[PDB]
Amino acid sequence: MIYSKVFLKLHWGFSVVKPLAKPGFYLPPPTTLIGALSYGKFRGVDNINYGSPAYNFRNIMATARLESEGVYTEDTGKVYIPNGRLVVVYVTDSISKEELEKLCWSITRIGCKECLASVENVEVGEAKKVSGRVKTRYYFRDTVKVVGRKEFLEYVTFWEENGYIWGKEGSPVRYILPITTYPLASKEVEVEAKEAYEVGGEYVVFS
RNA sequence: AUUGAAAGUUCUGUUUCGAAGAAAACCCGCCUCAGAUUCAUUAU
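In the deposited numbering, the protein residues as written are 1 to 20, 24 to 52, 57 to 82, 109 to 240.
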């Protein structure tokens, strides 16, 4: 199981609108993170035999977190965090280290066209699996238990990869975000969980 | 190539017209630079 870390510098922020008034999300879903990675190999093509040129990277695990302060504003929901930093962790085993590292440098935007994001540095390595009590900052699933004080937790709804095809709605999956609503920031939460990969001290929780 | 893809809330407008900081008023009334000093002794 290989892991990779990437540091992104945002220009003005990201904007993803909720499916089904056009409110937006607080943090990008894993689908956008996988699509950004897939952009490095499928550049120039928009329809493959027809739902998306991204129904092939569906089994790559990804998480992301903030490192600065921002504000969520509806004026079409947007998340303004200019000059901020984003840390993205990719965990997978489908491809070797070289291919993941090459695709990691080829990220251009997160969400829509205006949400450009440069790349500052990357790291590649081998991860280890643990199950003891850990502290994490990345968001995880709803079914994961919590031992600490419930004070900085929010509930969101994301979709599986089934939504990659047009004319079809993805399955609804609940997610828990360790985020402060105003101002926008990230906080640490202690979880027990069953599977956690150590990617450099900042344990990533998946189930 | 990501609930992503496709879009300007943009077009037309004077804070403008007028009204003296003006009139009267002394820096003027007394004071001294004052007393002492050889250019002469020698040259057809």
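For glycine and all other residues, C-beta sits at the position ideal for the given N, C-alpha and C.
Go ahead and label residue i buried or exposed: buried means 16 or more other beta carbons lie within 10 angstroms of its beta carbon, across all protein chains shown.
i       : result
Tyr-197 : buried
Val-112 : buried
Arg-207 : exposed
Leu-20  : exposed
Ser-59  : buried
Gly-117 : buried
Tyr-215 : exposed
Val-78  : exposed
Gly-47  : exposed
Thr-80  : exposed
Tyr-230 : buried
For the alpha helix (DSSP H) containing residue i, list its first residue and its last residue.
i       : result
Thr-35  : 33-41
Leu-20  : First-last for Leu-20: undefined, no H or E at that position.
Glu-131 : 130-137
Can residue i and residue j be called in contact, C-beta distance under 8 Å?
i       : j       : result
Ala-218 : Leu-8   : no
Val-163 : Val-232 : no
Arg-166 : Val-180 : yes
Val-124 : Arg-72  : no
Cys-148 : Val-6   : no
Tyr-236 : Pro-211 : no
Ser-15  : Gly-110 : yes
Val-177 : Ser-127 : no
Could you check the C-alpha separation between residue i and residue j for me, to the nearest Å?
i       : j       : result
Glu-76  : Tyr-29  : 12 Å
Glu-187 : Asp-175 : 10 Å
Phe-45  : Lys-130 : 19 Å
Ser-4   : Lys-25  : 34 Å
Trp-192 : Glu-202 : 8 Å
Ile-67  : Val-152 : 20 Å
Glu-184 : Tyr-57  : 44 Å
What are the boundary residues of the beta strand (DSSP E) that includes residue i?
i       : result
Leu-217 : First-last for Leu-217: undefined, no H or E at that position.
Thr-169 : 167-169
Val-121 : 118-125
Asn-154 : 150-159
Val-206 : 205-210
(request) Flag this pair as touching only if the region 38-45 and the region 137-150 have three or more C-beta atom pairs under 8 Å; answer yes or no. (result) Result yes; three or more Cβ-Cβ pairs closer than 8 Å.
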